[PDB]
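Chains as they are written, first to last, in the authors' numbering: chain b, 1 to 196; chain N, 1 to 196; chain Z, 1 to 222; chain H, 1 to 226; chain I, 1 to 204; chain J, 1 to 195; chain X, 1 to 195; chain Y, 1 to 212; chain a, 1 to 233.
All C-beta atoms, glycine included, are put in the ideal place defined by N, C-alpha and C.
First comes the structure, then the notes that go with it.
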Amino acid sequence: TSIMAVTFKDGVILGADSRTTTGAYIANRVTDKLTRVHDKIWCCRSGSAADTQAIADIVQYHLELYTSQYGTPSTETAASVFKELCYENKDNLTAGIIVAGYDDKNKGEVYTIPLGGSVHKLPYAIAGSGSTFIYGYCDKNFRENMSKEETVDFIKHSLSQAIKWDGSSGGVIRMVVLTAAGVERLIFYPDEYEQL
Amino acid sequence: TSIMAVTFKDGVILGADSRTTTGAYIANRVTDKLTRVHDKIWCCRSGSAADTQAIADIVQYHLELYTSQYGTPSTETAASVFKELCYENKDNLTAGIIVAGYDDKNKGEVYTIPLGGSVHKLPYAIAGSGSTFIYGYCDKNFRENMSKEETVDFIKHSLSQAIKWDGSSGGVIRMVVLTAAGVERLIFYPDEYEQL
Amino acid sequence: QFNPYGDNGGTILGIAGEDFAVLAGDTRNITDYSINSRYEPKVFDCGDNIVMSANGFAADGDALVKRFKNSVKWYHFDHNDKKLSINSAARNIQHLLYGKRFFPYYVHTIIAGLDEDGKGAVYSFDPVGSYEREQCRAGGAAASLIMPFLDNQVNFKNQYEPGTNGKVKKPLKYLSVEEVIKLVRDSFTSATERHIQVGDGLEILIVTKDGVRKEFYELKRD
Amino acid sequence: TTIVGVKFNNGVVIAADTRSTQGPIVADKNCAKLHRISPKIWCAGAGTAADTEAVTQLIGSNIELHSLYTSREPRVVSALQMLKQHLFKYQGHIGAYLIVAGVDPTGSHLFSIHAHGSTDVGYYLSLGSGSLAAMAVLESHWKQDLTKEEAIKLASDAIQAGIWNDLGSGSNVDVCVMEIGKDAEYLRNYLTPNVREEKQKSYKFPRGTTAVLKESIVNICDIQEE
Amino acid sequence: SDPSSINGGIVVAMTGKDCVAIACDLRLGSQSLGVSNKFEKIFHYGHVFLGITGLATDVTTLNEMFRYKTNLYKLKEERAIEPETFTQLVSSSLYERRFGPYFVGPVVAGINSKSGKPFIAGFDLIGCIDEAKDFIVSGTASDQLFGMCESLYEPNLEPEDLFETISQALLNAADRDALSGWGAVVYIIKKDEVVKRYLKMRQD
Amino acid sequence: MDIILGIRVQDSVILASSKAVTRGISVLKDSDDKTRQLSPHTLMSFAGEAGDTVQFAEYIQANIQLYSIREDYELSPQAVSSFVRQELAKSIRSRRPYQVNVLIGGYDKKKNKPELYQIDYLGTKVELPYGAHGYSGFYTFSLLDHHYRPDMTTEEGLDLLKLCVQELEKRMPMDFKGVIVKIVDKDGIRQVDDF
Amino acid sequence: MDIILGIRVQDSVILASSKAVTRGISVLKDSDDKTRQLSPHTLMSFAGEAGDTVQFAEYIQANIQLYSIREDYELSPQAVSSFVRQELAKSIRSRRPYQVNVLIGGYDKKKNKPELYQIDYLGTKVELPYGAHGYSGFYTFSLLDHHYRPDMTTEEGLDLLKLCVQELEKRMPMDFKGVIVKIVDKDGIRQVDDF
Amino acid sequence: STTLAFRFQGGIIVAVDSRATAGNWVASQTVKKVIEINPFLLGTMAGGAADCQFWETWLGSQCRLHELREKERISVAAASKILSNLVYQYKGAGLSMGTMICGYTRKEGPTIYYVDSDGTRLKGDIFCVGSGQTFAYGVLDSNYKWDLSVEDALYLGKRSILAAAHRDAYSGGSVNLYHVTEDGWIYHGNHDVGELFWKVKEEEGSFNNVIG
Amino acid sequence: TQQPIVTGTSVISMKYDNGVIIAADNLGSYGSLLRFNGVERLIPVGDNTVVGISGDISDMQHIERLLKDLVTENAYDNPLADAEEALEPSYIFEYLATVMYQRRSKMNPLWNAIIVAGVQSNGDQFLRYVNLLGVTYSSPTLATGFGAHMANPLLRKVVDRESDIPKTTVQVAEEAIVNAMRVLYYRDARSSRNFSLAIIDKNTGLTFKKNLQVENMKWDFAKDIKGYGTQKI
Ligand SMILES: *[B]([O])([O])[C]([C][C]([C])[C])[N]C(=O)[C]([C]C1=[C][C]=[C][C]=[C]1)[N]C(=O)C1=[C]N=[C][C]=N1
Ligand SMILES: *[B]([O])([O])[C]([C][C]([C])[C])[N]C(=O)[C]([C]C1=[C][C]=[C][C]=[C]1)[N]C(=O)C1=[C]N=[C][C]=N1
Ligand SMILES: *[B]([O])([O])[C]([C][C]([C])[C])[N]C(=O)[C]([C]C1=[C][C]=[C][C]=[C]1)[N]C(=O)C1=[C]N=[C][C]=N1
Ligand SMILES: *[B]([O])([O])[C]([C][C]([C])[C])[N]C(=O)[C]([C]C1=[C][C]=[C][C]=[C]1)[N]C(=O)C1=[C]N=[C][C]=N1
Ligand SMILES: [Cl-]
Ligand SMILES: [Cl-]
Ligand SMILES: [Mg+2]
Ligand SMILES: [Mg+2]
Ligand SMILES: [Mg+2]
Ligand SMILES: [Mg+2]
């Protein structure tokens, strides 16, 4: 799995590959790893498909119940709910989740939650087996306050390399853009991103 | 360990960090991993320090004896001698070696020999624990027929990132330039390459 | 896998006199080949003229002492400020230790004080609560170095009277507090020489009818 | 064990503590860890004591025969090469961790050797259980262009750091100075900061205290004449 | 299972003024079962004395081996082997079995016949030499012996005083070890007379 | 196999050895003689792993008989015991060691003294007034410690041996089917046919 | 414990059980009665792990005695055997199962027939003319297969039982110190004091 | 540990050794392996020191409660069964106990029960328990009779422990003797093996193997 | 029982005449990967205490939340929350020590090593250690992980015993701490150049220094080192 979330001037963009593997067999080549826990709070999932689905479903329930009582939750709040589940059940879970969301007050925010259940607020985050191969590239090429088009290119190029080198990553590159304007889904096919 | 060899217009350049570790203790922070098996045939060493030293010493002996009988050996020949030792003793060795050399007929050549003992001739090669973090960066930034100054910058930037992310890599960045002009040693200190 | 036990080293020594008792222990605290502290008190005044030390795994040692000190406090509350006798304290400690029979306090416990006739008393425990009153006992890392010396120099074992050749034993004459402190100091000096976990400092607590007194002596720091 | 090696202006110095241990017990309080390979090539050893001793004697013996064969004073690189190839062959099972130093016609040299056969070059080195305490001192106080007096001071201070802070090290500091164009000076017990204090009591027994069953003269002499 | 503590036993050696002493217990057992109370662990080749603790078959084997080697030495050299030289021979012989060692704890004691200097030495099972000025200990109650020797010992003891010190060191150490005891022997060694004394001790 | 005992009295050595042979579930034989005559005045009893015991005993027997023919002379019990010990001390560091424990009872015709040697599979030799291998000694040594004398007769030795066997038959779980008793003295070796 | 046997003849059931109790190295007792009377015409012998055997037997005994008092009536051997089987079948899936094998010998006063039930620790019940637990059956079933009849007398049953015990004493490695024999018939339970 | 107890004409003899070990290390030579449950009941201790000490002093509390509730001395059968039923609850957990419960009541006479941490409870005339039990059995079985005098029975028990103290490495220190009669138990002193061995050897003519 | 995932390395500290100093680097490692470069591992509690934590970062964040909650709870119904009844270093430590030992006793430890540095009400210096096993000890100098092996030897040369504390100034003490951090960067493979340092003085209060860097490093001598023995070029 190759997943990442990147804050930029107008908000935040989530990115992910579409490969699910059972050993070396690709059980699903068109997987959607960008999942919605609230209108403008999404997450990227890596690790166990069952665990991360179960967690995301529980979080979506918690935030739906939060909204009914206290109004729209912050991205920090959503990250905290993910953390609570990942930390307290660390012995039984294999889940690496990146939480990304857009407020109007706080704008674009990214929180990464690795295996232990710790929380880290960052300008951008990378995760999954394929992320190892792009630490160098992403550190050198990331800038703060990029444009939408620049951020899409940054994610497209980054995940392209992660896919190229990681066998557990592949298929299409899915992206989700989170801004004041709304929620936009993007997709990029092999013929496009392989020639980069 | 972060090591690499890169062919360019005038020949080939070898690059390496200087860290040797026993677990998390840095047993030597100023190690020389760029070692000489012939006048203009050098290698980069990764894996066991004992194994790669023992191998390099045996290869230097073989090429010294080759030279006395048949004249200067090719880089391909040197790689073959490394391979023979690494392949036939694969069960007992932990050695990842990059062989790089300069002929006048063949110019700059790079051969990489991973754990199994297979040989791969490449325009450039990367290896060691820290190489994982720069596959993305090196693939995107490598060009054929670069200049000396460009190749030095490519290696300096690449190993800088490998050092930054890999705990097993660190210290100074050593480099060895192999051209028709001769053999040049370069060194780059933390204050220089960390700010890149 | 998680290992809930550790070894903090150290060594302790209790000697009962005719109208006094001493409980000594080195002040060094360690893990593996490192020194944590050169002065970490190990022998404690627990009230009611009783001194205690629980040597081995320090976390369990501190827990036990803490719980016994607590037991002394509640013994006063529940029984009209009655003085907890050394024999009663010993039995109470057995139940504290055996209560964790299937997940033991990993310590060698020794207490010292005076019995109800005013005579010197030392009691010794194993980790799971078995106990016994003794005239002499060393505990901890260098216990194997010290005990034989105390068999010889306190109980005059294998010693006989000159001229008789093995027929008449050396008589078991009583030892003064000055004489006992000499033997304690020599025991720890010798233990420090040959045991790597022993050193830094020696702290001795002396118990008499007048109360609890303290003496400190330097030990080699290598 | 704490062993160190320090390069200086006109030579090299090595040092070592004098404690040997079987588990948590001290076997010897004044152990000699500085070994002579040749007159002006000395090495300090950590790890398995029999191994450091044996591997030093063997290579030292072969170095002597080599020196006689070639009519040349032995070189440190020769001792280094012979030690590493021997240790490599035995795949780490010979537990010898060595700091090899010396002066020869090529100059002054300082190397380390590990049990699996890997060698390292340096201006300052440390090995053994107290190497971290020693390396802390070396990393704090080492500089280029040290004098003889400064290097001895630095080396012994690094051993002291091991003596006091590492339980695997203790007792005394041994030193060996190897200067170019001079005889190597072996300073046995250079420092003695761990003398035992006087005991409180004398434990000399009265004669006849032990019970005896039988007495007899033992014949140590050979078969006699007449 | 552990070869060095199947049979049990102990040896201790000490230096005095112009003299040395070496002592051992007499027990041989099969773990808990006591088998023999006459198993002496001190041997001598000329004026050089050797004590050996550990696995009993190896104790016997090594004695026979060093008798073999010291007898050949004497025939070729035309003189008795000295303690310093014998110490090196023990070390060499043990190290040749580096990866298949004799499970023993040897102790050498004697006086150099030419210089008159008292000498003691100890070894691990594979040859390392511990050449102490004061004392050497070995066996299943070595921890106990270290504690006794370190407190009781003082330098320059006269032969008859040294006897008392070493005897009390052995006896009280053995009594704190299950696999040692069942009798004891003490050798007092001077430049040209050696006295052997069997000690009365508890038989449990 | 199981129980082998030995006792040295004034003028003879007496060896007692069980008759049972057990292949796991069943007792295949109840009349097995666990001994070999090495020389006219030297007897060796044995117990250990199946096959190894007999193979070792017969190998020792052959070697001593060879020595006897070559020199036209009988080796002393001490000499035979030393030879046996060395073979076992050699064996313990072999590819597959002999798993055999032995007692050697002999009468030395030169010194006019009986001699009993106990040797285990490691090559551990001890000369004793009385000895045993396996779990036998755990029951029998306390009795022998109480009743034994150096000046006992052969008949007194047999009575003290009966007391040992009775204790074993009372307290040991395994039925060892009684013992074959053999006496070694100045006149040679003979078997007590009623015990 | 070790050997327990059972045989059902014309008019009675005979149970034989060894007397030995062995704590590893030593035989602590040679007169142990490995049986409990559950009711006047029902006897249960038992063998298995130490402690569990007696604890289980006495627990069953108490339950049947309770039933007898409550109803003023003796349960049939078949009914008692079914109760015992259920307790063991319950036990085998417990935290710590009863490691006990039993024989139940009873005389049914209603049908005027002897009955022998063999039940192992798993709760495996079978009604048999003759039965055994452990390694006993390996030796004894061949003899019983040859000599047994349904119309045998009690005296003939005891003779056939002696032939079983003799075979066991010949071929089994362990000394089980003989057996206590008990007969169950219309008149109740009695012990054969000479066997 | 070597502990024994046997029934005879003059009641019961109980004899125990005094040694406690941790591996080969002799931890104590002065251990009290006999427990005075009441003036009529004794318990022996073998195996784990703590397990035995704790649960046998606990047993004394249960026996005291019985006679407070029933106004009558507890039987040896009932006292032994309280302990055996208790350890049976803990079966598997790793308790380590080998004990004899010894006493004398009117209804029972002199009685001995062997109680075990595996749940074993056995009534009997003679028992030896511990690592040196086999050594003690040898002396007992060859010299035991019903018609022994209190003086001769006491010596046989003392001698049987000595036999085991000599041979068994994990037994020794000293011998504690008790004699249990119709009117209660009676202590018969601590006997150091270091003095008892040489005394018995000289007077009895035994241990001719050892030199003195 | 678990295994630590994201981890923090050494925490080092020492006493001086008027207070205590404590320091720790800003790295969060993921095995050999130097994953997170902006992690604060010194957490102040009030104006008189700093808790330094090493080991598992998820457990560190949990402990951070416990301390935050402790301050909130202490203020409840407490008019002297910012005066006589404020949280002391000794109170904060004992609480943590209780939790650590309880968690190890349930076989579910907080996989950390903790040093509580601070100054008491009466001006006395407080410095005590606790870890995943619930083991506790005090010393003039204290350090965790690699710091224990490399920092303590250096810091003990300044303050070797109790009597050396009044003779040690804040300038000398800080100098020693900063040097120790450099040595750890040379030699610890799981350390970073960036670190935080905290001083708690009885006169000048709590001084918290962020974004410090290891400087004055010696690397020039590396250029002369060639090969591993015989190589000259
Ligand atoms: B990715 O590779 O980490 C991916 C993300 C997942 C959320 C779709 N995980 C998987 O494909 C996992 C295996 C795995 C691979 C690499 C790292 C960690 C885990 N696969 C599954 O969970 C899986 C596979 N087949 C069926 C169901 N689930
Ligand atoms: B590098 O990390 O691969 C490095 C290269 C070597 C040629 C100097 N190797 C080492 O540092 C190895 C350990 C190792 C770490 C990571 C990957 C593979 C191997 N160290 C040693 O071999 C070593 C350590 N201490 C003493 C001697 N040798
Ligand atoms: B040092 O701490 O490395 C020291 C140096 C030695 C060369 C004199 N080593 C030892 O003391 C070793 C420790 C050790 C113990 C066990 C296995 C391997 C190493 N000790 C000995 O070699 C030793 C122990 N007992 C007797 C003799 N030698
Ligand atoms: B005895 O050997 O069983 C003896 C009696 C015990 C009740 C004091 N036991 C022990 O000495 C045991 C060890 C042991 C030896 C042999 C067999 C079984 C057990 N010792 C201890 O339990 C013990 C307790 N505390 C400290 C040291 N040893
Ligand atoms: Cl999915
Ligand atoms: Cl290298
Ligand atoms: Mg790095
Ligand atoms: Mg010390
Ligand atoms: Mg034997
Ligand atoms: Mg004994």
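- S12/X carries a coil assignment under DSSP once its states are collapsed to helix, strand and coil.
- Contact check between the region 25–35 of chain b and the region 170–189 of chain b: three or more CB pairs, one atom from each, fall below 8 angstroms, which counts as touching.
- Within a 10 Å sphere around the beta-carbon of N145/N sit fewer than 16 other beta-carbons, which makes this residue exposed.
- By the beta-carbon neighbour count (other beta carbons within 10 angstroms, threshold 16), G107/H is exposed.
- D188/a has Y25/N as its beta-bridge partners, per DSSP.
- With contacts defined by Cβ atoms closer than 9 angstroms, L59/Y and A79/Y form a contacting pair.
- Listed along chain a, no residue sits closer than 9 angstroms to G128/H by beta-carbon distance, the nearest being about 12 angstroms off.
- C176/H carries a strand assignment under DSSP once its states are collapsed to helix, strand and coil.
- Neighbours of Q53/Y in chain Z, taken as residues at a C-beta separation under 7 angstroms, are given in chain order as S130.
- Counting C-beta atoms within 10 angstroms of its own C-beta, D57/N has 16 or more neighbours from the protein chains shown and is therefore classed as buried.
- Think of a sphere of 7 angstroms around the beta carbon of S131/Y: the chain I residues whose beta carbon falls inside it are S32, in chain order.
- DSSP places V172/b outside both helix and strand once states are collapsed to three, so it counts as coil.
- Close to ligand 10, as judged by a C-beta nearer than 6 angstroms to any of its heavy atoms, are the residues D204/I, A165/Y, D168/Y, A169/Y, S171/Y, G172/Y, in chain order.
- Contact with chain I is found for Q153/Z, since one of that chain's Cβ atoms lies less than 9 angstroms from the residue's Cβ.
- Counting only Cβ-Cβ distances below 9 angstroms, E149/H has no contacts in chain a at all, with the closest Cβ about 20 angstroms away.
- DSSP, read as helix, strand or coil, puts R67/I in helix.
- Distance from the CA of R19/b to the CA of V137/H, rounded to the nearest whole angstrom, comes to 53 angstroms.
- Within the region 121–143 of chain X, the residues whose Cβ lies closer than 9 angstroms to any Cβ of chain J are, in chain order, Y135, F138, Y139.
- Within the chosen limit of 8 angstroms, ligand 8 does not reach the beta carbon of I12/Z with any heavy atom.
- In chain order, the residues that have a beta carbon nearer than 7 angstroms to some heavy atom of ligand 9 are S30/I, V35/I, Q118/J, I119/J, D120/J, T124/J, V126/J.
- In the three-state reduction of the DSSP assignment, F103/Z falls in the coil class.
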